[PDB]
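Let me begin by presenting the structure, written as structure tokens, before commenting on it.
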Amino acid sequence: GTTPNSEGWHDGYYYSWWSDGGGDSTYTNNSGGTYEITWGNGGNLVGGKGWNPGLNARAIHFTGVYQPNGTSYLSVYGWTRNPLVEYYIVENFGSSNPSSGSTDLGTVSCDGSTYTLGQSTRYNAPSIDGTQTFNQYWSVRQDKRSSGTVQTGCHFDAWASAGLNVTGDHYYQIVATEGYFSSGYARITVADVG
């Protein structure tokens, strides 16, 4: 009995939950910075807790249980407007690297690991502002983990040094769990430690 799409405030944190309706799955907001997602096969879904607005430099801690059975990722995720950008700082992932179809921009060292940087463009696709064209910025951790601190400003400075624009107006900034035609479970707690 799939939880309906929702976004807004819970216990002082912003959250977003969306699915394409094809998979059975339950999204629950728990106390404080915690959320839980249980999902089956059949569709595309993404949900998590965080802040609105995001900042170019926030120190975000996360911890918990992350158990994908197939294609999935755990990342700091969010959007800017002017320009329209969807960005991903990927800390862990299942069977496939979500940035494999993007242009390689080199590496950066952040929070104890090398991260591979990338950029892609999506044309006429679903976004926070309806069907639009937007750029996607990627930073993917080489040493996968399920707990730790992410200094987002390490990634936004790396993207800026690579030529990308990072002066957009921020929308939300969450620690999101995504599943893509595969089943899984996750229970994650986030916090701002800056």
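Within each chain, counting starts at residue 1; across the structure tokens, chains are named A, B, ... in the order shown, with ligands numbered 1 upward in that order.
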(message) Would you pick out the contacts of residue A:174 at 6 Å or less, using only C-alpha atoms, so that residues sharing its chain but fewer than 2 positions from it are not included, and give the list as a ChimeraX atom specification?
(response) /A:48-50,76-77,176
(request) Show which residues sit within 6 Å of residue A:70, as an MDAnalysis selection string. Count only C-alpha atoms, and ignore same-chain residues fewer than 4 positions away. (result) chainID A and resid 94:95 182
May I have the selected residues written with N, CA, C and O atoms, as a PDB file, in the first residue's frame?
```
ATOM      1  N   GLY A  94      24.501   0.727  -4.631  1.00  0.00           N
ATOM      2  CA  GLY A  94      24.377  -0.707  -4.818  1.00  0.00           C
ATOM      3  C   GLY A  94      25.201  -1.174  -6.021  1.00  0.00           C
ATOM      4  O   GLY A  94      26.372  -0.883  -6.209  1.00  0.00           O
ATOM      5  N   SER A  95      24.516  -1.839  -6.931  1.00  0.00           N
ATOM      6  CA  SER A  95      25.139  -2.513  -8.051  1.00  0.00           C
ATOM      7  C   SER A  95      25.686  -1.608  -9.118  1.00  0.00           C
ATOM      8  O   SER A  95      26.678  -2.026  -9.738  1.00  0.00           O
ATOM      9  N   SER A 182      14.417  -2.268  -7.813  1.00  0.00           N
ATOM     10  CA  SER A 182      15.034  -3.286  -6.985  1.00  0.00           C
ATOM     11  C   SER A 182      14.535  -3.067  -5.565  1.00  0.00           C
ATOM     12  O   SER A 182      13.996  -1.949  -5.354  1.00  0.00           O
TER      13      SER A 182
END
```
Please report, as JSON lines, each residue of stretch 32-111 of chain A lying at most 10 Å from stretch 127-140 of chain A, together with the nearest pair of atoms and the separation in Å rounded to one decimal; use only C-alpha atoms, and order rows by chain and ascending residue number.
```
{"residue": "A:75", "atom": "CA", "partner": "A:140", "partner_atom": "CA", "distance": 8.9}
{"residue": "A:76", "atom": "CA", "partner": "A:139", "partner_atom": "CA", "distance": 9.8}
{"residue": "A:77", "atom": "CA", "partner": "A:138", "partner_atom": "CA", "distance": 9.8}
{"residue": "A:79", "atom": "CA", "partner": "A:128", "partner_atom": "CA", "distance": 8.1}
{"residue": "A:80", "atom": "CA", "partner": "A:128", "partner_atom": "CA", "distance": 9.7}
{"residue": "A:81", "atom": "CA", "partner": "A:129", "partner_atom": "CA", "distance": 9.3}
{"residue": "A:83", "atom": "CA", "partner": "A:134", "partner_atom": "CA", "distance": 8.1}
{"residue": "A:84", "atom": "CA", "partner": "A:134", "partner_atom": "CA", "distance": 5.3}
{"residue": "A:85", "atom": "CA", "partner": "A:135", "partner_atom": "CA", "distance": 5.0}
{"residue": "A:86", "atom": "CA", "partner": "A:136", "partner_atom": "CA", "distance": 4.8}
{"residue": "A:87", "atom": "CA", "partner": "A:137", "partner_atom": "CA", "distance": 4.6}
{"residue": "A:88", "atom": "CA", "partner": "A:138", "partner_atom": "CA", "distance": 5.1}
{"residue": "A:89", "atom": "CA", "partner": "A:139", "partner_atom": "CA", "distance": 4.8}
{"residue": "A:90", "atom": "CA", "partner": "A:140", "partner_atom": "CA", "distance": 4.7}
{"residue": "A:91", "atom": "CA", "partner": "A:140", "partner_atom": "CA", "distance": 6.6}
{"residue": "A:92", "atom": "CA", "partner": "A:140", "partner_atom": "CA", "distance": 8.3}
{"residue": "A:93", "atom": "CA", "partner": "A:140", "partner_atom": "CA", "distance": 9.4}
{"residue": "A:97", "atom": "CA", "partner": "A:140", "partner_atom": "CA", "distance": 8.3}
{"residue": "A:98", "atom": "CA", "partner": "A:140", "partner_atom": "CA", "distance": 8.7}
{"residue": "A:99", "atom": "CA", "partner": "A:138", "partner_atom": "CA", "distance": 6.5}
{"residue": "A:100", "atom": "CA", "partner": "A:138", "partner_atom": "CA", "distance": 10.0}
{"residue": "A:102", "atom": "CA", "partner": "A:138", "partner_atom": "CA", "distance": 8.1}
{"residue": "A:103", "atom": "CA", "partner": "A:138", "partner_atom": "CA", "distance": 9.5}
{"residue": "A:104", "atom": "CA", "partner": "A:138", "partner_atom": "CA", "distance": 9.3}
{"residue": "A:105", "atom": "CA", "partner": "A:138", "partner_atom": "CA", "distance": 9.3}
{"residue": "A:106", "atom": "CA", "partner": "A:139", "partner_atom": "CA", "distance": 9.7}
{"residue": "A:107", "atom": "CA", "partner": "A:139", "partner_atom": "CA", "distance": 8.4}
{"residue": "A:108", "atom": "CA", "partner": "A:139", "partner_atom": "CA", "distance": 8.6}
```
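Straight-line separation from atom CA of residue A:112 to atom CA of residue A:169: 28.8 Å.
If only C-alpha atoms are the atoms counted, then among A:14, A:165, A:150, A:125 the closest residue to residue A:54 is A:14.
Distance check against residue A:57 using only C-alpha atoms: of A:25, A:151, A:19, A:30, the minimum falls on A:151.
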